[PDB]
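Peer 1: Taken in sequence, the protein lines are chains C and F. Residue 54 in our numbering sits at position 54 of the first sequence; the count goes up by one each step and never skips. Residue 1004 in our numbering sits at position 4 of the second sequence; the count goes up by one each step and never skips. The C-beta atom is built at its ideal place from N, Cα and C for all residues, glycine as well.
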Amino acid sequence: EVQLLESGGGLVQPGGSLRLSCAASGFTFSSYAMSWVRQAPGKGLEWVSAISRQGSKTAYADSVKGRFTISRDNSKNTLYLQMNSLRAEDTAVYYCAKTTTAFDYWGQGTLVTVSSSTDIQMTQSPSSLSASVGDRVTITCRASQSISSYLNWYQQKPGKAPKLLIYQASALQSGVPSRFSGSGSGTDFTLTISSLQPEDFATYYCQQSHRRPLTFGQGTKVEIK
Amino acid sequence: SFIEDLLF
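Quick look at the structure:
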């Protein structure tokens, strides 16, 4: 019954503007911080923005600084993203995400097409792989500097929004099968699938919630042959 | 306040 319903995307010329909305139901919206995460076509996940429970504090990635504005209306349970000065580089599916120590629940995502460091680097290995049902699959995630144990794993089906699989290196989200395990601390982490199933095909992303800005690995696509 | 301290 937890729902995040996004609207407002579409096609726009460079320099124009769009306003995204995320309509939340099924939890107490004002009890949680909220983010926007975007994914350029065939590319990875990138954190964009975040706002505190009451709306008093906001944060922005450098890429969208000055042009994008996040806001919320807790009386309508709605999260907003005003995007001005749109560039072709802003071209992406945009997700809203309930934000705790991970991104717990993601909206379905709205496409926005624009046409006419000291950060922690997450690197995954391999970048994709193909294996058979029953195989044991292992994925690695390295941080360029320590992130303690604040490493999150997300599962993304083709065309679907990411789902949170494991957070804080080893804690399983509710309803995730026990075939999924995570381990590691500091700079080296691992996701393991004990017995691969047909429904497990997806791209798997790691993401650190140790220091802003929140950063993603580039993903590991897994195919079942 | 984990996310408050982390993000803001």
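Can you say whether C:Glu6 is buried or exposed, counting buried as having 16 or more other CB atoms within 10 angstroms of its CB?
Peer 2: Taking the first sequence and counting its residues from 1, one reaches residue 6 of chain C at position 6. Buried: at least 16 other Cβ atoms inside 10 Å.
Peer 1: Out of C:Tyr204, C:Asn77 and C:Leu165, state which residue places its alpha-carbon closest to the alpha-carbon of C:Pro126.
Peer 2: Looking up residue 126 of chain C in the first sequence gives position 126. Ranking C:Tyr204, C:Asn77 and C:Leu165 by Cα distance to C:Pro126 puts C:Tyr204 first.
Peer 1: Would a C-beta distance cut-off of 8 Å place C:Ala169 and C:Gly159 closer than the cut-off?
Peer 2: Counted from its first residue, the first sequence places residue 169 of chain C at position 169. Counted from its first residue, the first sequence places residue 159 of chain C at position 159. Not in contact: C:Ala169 and C:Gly159 (Cβ atoms no closer than 8 Å).
Peer 1: For chain F, check one thing: does any of its Cβ atoms lie closer than 8 Å to the Cβ of C:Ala131?
Peer 2: Reading the first sequence from its first residue, position 131 is the one you call residue 131 of chain C. Chain F, which has no Cβ nearer than 8 Å to the Cβ of C:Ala131, makes this no.
Peer 1: Mapping the DSSP letters down to three states, classify C:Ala24 as helix, strand or coil.
Peer 2: Residue numbering aside, residue 24 of chain C sits at position 24 when the first sequence is read from its first letter. C:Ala24: strand per DSSP, three-state reduction.
Peer 1: Do you know offhand how far C:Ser35's Cα is from C:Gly15's?
Peer 2: Residue 35 of chain C sits at position 35 when you count from the first residue of the first sequence. Residue 15 of chain C sits at position 15 when you count from the first residue of the first sequence. Rounded to whole angstroms, C:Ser35 to C:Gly15 spans 24 Å at the Cα level.
Peer 1: Find out if the Cβ-Cβ distance for the pair C:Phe216, C:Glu89 is shorter than 8 Å.
Peer 2: Working through the first sequence from its first residue, we reach residue 216 of chain C at position 216. Working through the first sequence from its first residue, we reach residue 89 of chain C at position 89. No, they are not a contact pair.
Peer 1: Relative to the alpha-carbon of C:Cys22, which residue among C:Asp104, C:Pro162 and C:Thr110 has its alpha-carbon at the smallest distance?
Peer 2: Working through the first sequence from its first residue, we reach residue 22 of chain C at position 22. Of C:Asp104, C:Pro162 and C:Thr110, the residue nearest in Cα terms is C:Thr110.
Peer 1: Could you confirm whether any beta carbon from chain F is found closer than 8 Å to the beta carbon of C:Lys57?
Peer 2: Here residue 57 of chain C corresponds to residue number 57 of the first sequence, with the count starting at 1. Judged by the 8 Å Cβ criterion, C:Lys57 is in contact with chain F.
Peer 1: Using a Cβ-Cβ cut-off of less than 7 Å, give me the residues of the stretch 64–93 of chain C that come near chain F, in sequence order.
Peer 2: none
Peer 1: Counting C-beta neighbours from all protein chains within 10 Å, is the total for C:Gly107 16 or more, i.e. buried, or is it exposed?
Peer 2: As a position in the first sequence, residue 107 of chain C is number 107, starting the count at 1. With at least 16 other beta carbons inside 10 angstroms of its own, C:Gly107 counts as buried.
Peer 1: Which residues mark the beginning and the end of the alpha helix (DSSP H) in which F:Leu1007 is found?
Peer 2: As a first step, residue 1007 of chain F must be located in the second sequence, where it is residue number 7. That run of the alpha helix (DSSP H) goes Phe1002 to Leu1007.
Peer 1: Which first and last residues belong to the beta strand (DSSP E) in which C:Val64 is found?
Peer 2: Walking along the first sequence from the start, residue 64 of chain C turns up at place 64. Premise fails: C:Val64 is in no beta strand (DSSP E) and is neither H nor E.
Peer 1: Name the one or two DSSP bridge partners that C:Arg142 has.
Peer 2: To locate residue 142 of chain C, count along the first sequence from 1; it is residue 142. According to DSSP, which records beta bridges pairwise, C:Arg142 is partnered with C:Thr123 and C:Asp188.
Peer 1: Can you tell me where the beta strand (DSSP E) holding C:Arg72 begins and where it ends?
Peer 2: Translated into the one-based positions of the first sequence, residue 72 of chain C becomes position 72. Per DSSP, C:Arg72 belongs to the beta strand (DSSP E) from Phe68 to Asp73.
Peer 1: Which of helix, strand or coil does DSSP assign to C:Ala131?
Peer 2: The residue labelled residue 131 of chain C in the question sits at position 131 within the first sequence. Here C:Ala131 sits in strand by DSSP.
Peer 1: What is the DSSP secondary structure of C:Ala33, reduced to helix, strand or coil?
Peer 2: One-based indexing of the first sequence puts residue 33 of chain C at position 33. C:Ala33: strand per DSSP, three-state reduction.
Peer 1: Which chain A residues are close to C:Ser52, counting only those with a beta carbon under 8 Å from its beta carbon?
Peer 2: Going by chain labels, chain A is absent from the structure shown, which instead holds the protein chains C and F.
Peer 1: Run down chain F in chain order and give the residues with a C-beta less than 7 Å from the C-beta of C:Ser209.
Peer 2: Translated into the one-based positions of the first sequence, residue 209 of chain C becomes position 209. Near C:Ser209 (Cβ distances below 7 Å), the residues of chain F are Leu1006.
Peer 1: Going along chain F in order, which residues have a C-beta closer than 8 Å to the C-beta of C:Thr99?
Peer 2: Taking the first residue of the first sequence as position 1, residue 99 of chain C is located at position 99. Under the 8 Å cutoff, chain F gives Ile1003 and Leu1007.
Peer 1: If you follow the beta strand (DSSP E) that C:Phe103 is part of, which residue opens it and which one closes it?
Peer 2: Within the first sequence, residue 103 of chain C is the residue found at index 103, counting from 1. Here the beta strand (DSSP E) through C:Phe103 covers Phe103 to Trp106.
Peer 1: Use the C-beta contact count for C:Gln121: other C-beta atoms within 10 angstroms, 16 or more gives buried, fewer gives exposed.
Peer 2: On the first sequence, residue 121 of chain C is found 121 positions in, with the first residue counted as 1. Its Cβ having fewer than 16 others within 10 Å, C:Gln121 is exposed.
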